[PDB]
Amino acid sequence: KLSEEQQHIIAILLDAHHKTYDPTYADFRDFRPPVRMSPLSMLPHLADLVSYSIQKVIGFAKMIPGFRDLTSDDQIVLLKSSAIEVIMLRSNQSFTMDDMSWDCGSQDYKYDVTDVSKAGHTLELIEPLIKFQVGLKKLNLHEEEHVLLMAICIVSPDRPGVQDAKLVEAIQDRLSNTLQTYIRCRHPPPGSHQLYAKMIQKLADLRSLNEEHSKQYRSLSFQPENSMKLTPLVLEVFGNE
């Protein structure tokens, strides 16, 4: 059985996600507009989408049970290293295998491979990112599993610069155990086959995506004319030490 504490963890994470993820994508109107006619025409829009998403990921992270017991230093390290991975994870909710795109409610806000190419990223990132999105979709995760996976992603003790690794691991383990118990109690066969193992493999995939994104971000942001198109928060999270 799920203990009362594990039920509590799931309830909090579900609510946390509901309060930081608007499935009507209403705030997207406030971004610099998408331009699809190179020039890097989709950079301003997608920089804004990333920057917005970092803010939401932070607001989610703050609500993870136990995250509050960490020092601000370790909070910072964990969010800086995980932000791009959690954006990739949370984006799965908009991703559709119908046409391999992220569909955020209208044609203006529907992003395919070519749109992502127009923000300065190459297929070395984009092809594995799409493959990641497909594999994750095909897991058909319950919202409960999805929010737990994002929370486990964030509280990872192996991130460079973590000072109190044991406390981070303890926090993570509580979430991992909740996830494993949830799958056993609430996810019916056959969907549940090796489900936990497959979810953890996604976290490994995310490390490789993170590293490639970092390489490409370093390249993109080296030119002051592209850096100019980013946001202050993106420059701080992706660029600072």
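The term rigid core refers to the most C-alpha atoms you can superpose between the two forms while keeping them within 1.5 Å. Don't overthink the numbering: it's just position in the shown sequence, from 1.
A.B. asks: 47-55 versus 211-219: which one's CA atoms end up farther from this form in 9 other deposited structures of this protein after a core fit?
C.D. replies: The stretch that sits farther from the shown form in 9 other deposited structures of this protein is 211-219.
A.B. asks: Between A26 and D27, determine how many residues of the deposited chain lack coordinates; answer none if the chain runs continuously, otherwise 1 to 3, 4 to 9, or 10 or more.
C.D. replies: Count of unmodelled residues in between: none.
A.B. asks: Comparing 211-219 with 47-55, which stretch shows the greater average C-alpha B-factor in the deposited entry?
C.D. replies: Stretch with the higher mean C-alpha B-factor: 211-219.
A.B. asks: Quick check on the record: does 141-149 or 165-173 carry the larger mean Cα temperature factor?
C.D. replies: Per the PDB record, 165-173.
A.B. asks: At the C-alpha atoms, which of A204, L70, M199, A61 reaches the highest B-factor in this entry?
C.D. replies: The listed residue with the largest C-alpha B-factor is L70.
A.B. asks: Compared with the other modelled residues in the chain, in which third is the CA B-factor of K131?
C.D. replies: According to the entry, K131 has a C-alpha B-factor in the chain's middle third.
A.B. asks: Please rank the C-alpha B-factors of the chain's modelled residues and tell me whether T96 sits in the lowest, middle or highest third.
C.D. replies: It falls in the top third of the chain.
A.B. asks: For the chain shown, is the CA B-factor of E124 in the lowest, middle or highest third of its modelled residues?
C.D. replies: As the PDB entry reports it, the C-alpha B-factor of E124 lands in the middle third of its chain.
A.B. asks: Among the chain's modelled residues, which third holds the C-alpha B-factor of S82?
C.D. replies: It falls in the bottom third of the chain.
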